[PDB]
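Numbering (the authors' numbering), first residue to last: 30 to 133.
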């Protein structure tokens, strides 16, 4: 299914709010919780764990494309600025966990 921009922001706000609850190698518990709270509180459709995770993967993929093609002087909206900030914060959490796994 396809999320609207508003739904993408609601979803990423939740992901970031709960980011410290993600435990490396326990992704199932995290994405299941996000899917549940997104449905119960933010009015998102019922998603399976996998479907919810796929939505977040897609948001992040498009974010990376936006970053790569951003141009100096481009005009952005406040919704775009918030989504980019949320995506940056989620990317940083994933990178933190990757560094912990690799280095120790």
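Note that the Cβ used here is the ideal one computed from N, Cα and C, for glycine as well.
Minimum Cα-Cα distance from residue 30 among the listed residues 46, 81, 50 and 47 corresponds to 81. Residue burial is scored here from C-beta neighbours: residue 103 has fewer than 16 other C-beta atoms within 10 angstroms and is therefore classed as exposed.
In the three-state reduction of the DSSP assignment, residue 96 falls in the helix class. Under the 8 Å Cβ criterion, the region 99 to 114 does not count as touching the region 71 to 86, having fewer than three qualifying pairs. Under the DSSP assignment, residue 121 falls in the alpha helix (DSSP H) whose first and last residues are 107 to 132. Annotation for residue 41: the continuous alpha helix (DSSP H) segment containing it runs 34 to 46. With a contact defined as Cβ atoms closer than 8 Å, residue 44 and residue 63 qualify at about 6 Å.
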